[PDB]
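Structure 1 and structure 2 below are the same protein chain in two forms, each given by itself as structure tokens.
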Structure 1
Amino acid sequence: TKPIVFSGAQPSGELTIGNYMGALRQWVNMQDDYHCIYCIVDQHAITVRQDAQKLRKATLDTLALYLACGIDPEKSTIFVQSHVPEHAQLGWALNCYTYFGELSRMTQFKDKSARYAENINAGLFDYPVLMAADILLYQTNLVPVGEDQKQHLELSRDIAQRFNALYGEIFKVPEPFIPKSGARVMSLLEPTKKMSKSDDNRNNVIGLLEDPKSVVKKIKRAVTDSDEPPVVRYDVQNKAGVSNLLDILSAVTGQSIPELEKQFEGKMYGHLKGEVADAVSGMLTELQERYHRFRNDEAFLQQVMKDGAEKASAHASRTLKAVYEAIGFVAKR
């Protein structure tokens, strides 16, 4: 059997080009090479307060977006996290093998606590343990994610190793698959801050479902630097905005930064931004064209969810059975 790939994305906000480059791009390319399982993590989404209609709609939007990107339900298992109870079950169990200090030290918890001070909830704190349960359920070998998830992934490995050391070979110890370029796409008006699907300032973000024209305007307005003459060179410290543009272009086209630097020799930021806008306006038009075909077909979306949850539960129940046996629960018969 093939090694197993697992990853997920929250149905909250509107997925950005950041989410595509750091994760979904890789998800599509891994489908034949590995046994791939992709999840819409609605249980993680509710750690941030959403309107009920928006949550339901965003779950289906996200599903249709996976499909529009090229995630093929004939190759990959595609499911909604809440449809498989084993995530919640293993998540509770793994709380007992996770230290408080490991969760309080998390960057994401700290960033999210500052952003949502009126709702610093227990789910936001316990976030990484459920995420570990998501991965560990499927005997996952590889986890394609953006750089912002490295810390969460490190904890999952620690939990797997710690549990295995007491009980035997129950889990696989997963490995991150973070891409060389586009692992952490930055904000267009604030290139020192990660591009967030929940920025109020829309201008920071390139939406996967935002109007391309509005997106082309966003690239042209992206902040660069005061260098005289302007030079297209990679330097995240002194040229954050230009570097982010080079990183985006590299990730979309598959060309290296040193290659792109040679390509823009004697050129300035107008050329860079023309070429970035071109490459991105292109992906989105195509992507949004596949999207509606999927998104307006409720019977097909219902079928993908049904089939995917079936496949997922078969794997997850198998692992949870072994976990429950090992910790000492009386088996349900």
Structure 2
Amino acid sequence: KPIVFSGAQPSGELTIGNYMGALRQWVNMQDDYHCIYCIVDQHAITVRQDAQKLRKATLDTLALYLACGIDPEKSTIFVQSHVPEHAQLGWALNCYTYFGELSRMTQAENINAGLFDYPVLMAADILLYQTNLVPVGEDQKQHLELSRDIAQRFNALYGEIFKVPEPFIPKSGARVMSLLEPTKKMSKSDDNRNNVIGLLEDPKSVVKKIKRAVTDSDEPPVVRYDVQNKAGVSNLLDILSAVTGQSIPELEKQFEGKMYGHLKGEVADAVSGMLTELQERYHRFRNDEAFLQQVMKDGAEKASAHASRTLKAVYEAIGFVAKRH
């Protein structure tokens, strides 16, 4: 099975876009690939933040990934800082990364060195596990390209130590746009929280956010799919289709002679119907301390076994004297 690496940021609260897009896609491919989910707490600290909230958010993220259906018995899920090899390989790859490559990243004296240097750590995160495939958003494409360049550069000097990773090209295909701005994709980082539906929102909050969702001034109101002229209504249809599995033409027929109130009502009920099973699993996992501790221990153990084999090969190539165990 090809090895797939994903970094999970411990800060973002996941939206229905994150879930019905990438996450649901990957949950159903856990037997197809050897999937690795790394909760990236070492990446998080490049932004100064409250310590207790970082600890909490690491555990929130673990429980939510578990709730969404990541299976600890099929996939490897772990906390980045629990596997020292990340930092170790990161230092080594720092020495085969050009300073120029980091300064050319699309992102002066007062930024912290972590924010400058984290694409090297990202390269180490991927290359440690002999990763074949990395799912990346547009913003992470430069970083993946750097990891490929580093891998090839090191391999040219020392032999085939690393796999050259490839982007995971096919996208989930569920379209989820922002509620008050239907041209912009729904993103966890959005400042306007009314643009998004988080995975932990109760039915009252979802009704409220969906009721405010932008539509159009068509007279009579008509539930028809048209991204150019009816962005808002189209987004509502795409969300409803994503939840229920009903086709757009089927939904267009279902809402014949119906107004946007009826659409919104069903969108809110559909979305909340999806989130209640998800929230039940989340709160059950999140408050089982022993379960979460066991997932983290098992995950770190699986990760370290793989990571240590790569690091040993890297260290031997560079020429370091092997540790006396």
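Residue numbering: sequential along structure 1, first residue numbered 1. C-alpha atoms forming the largest set that superposes within 1.5 Å between two forms make up the rigid core.
Here the two forms are overlaid on the core, and between the two structures the C-alpha of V205 is the only one among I78, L137, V143, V205 to shift by 2 Å or more. After superposition on the rigid core, the Cα atom of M21 is displaced by 2 Å or more between the two structures. Once the cores line up, the CA of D278 ends up 2 angstroms or more apart between the two structures. Once the rigid core is used as the reference frame, the Cα position of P191 differs between the two structures by 2 Å or more. Relative to the superposed core, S256 moves its CA by 10.2 Å between the two structures. Structural comparison between the two structures after rigid-core fitting shows the C-alpha of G91 displaced 0.2 Å.
Its Cα shifted by 2.5 Å between the two structures, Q288 is reported here after superposition on the rigid core.
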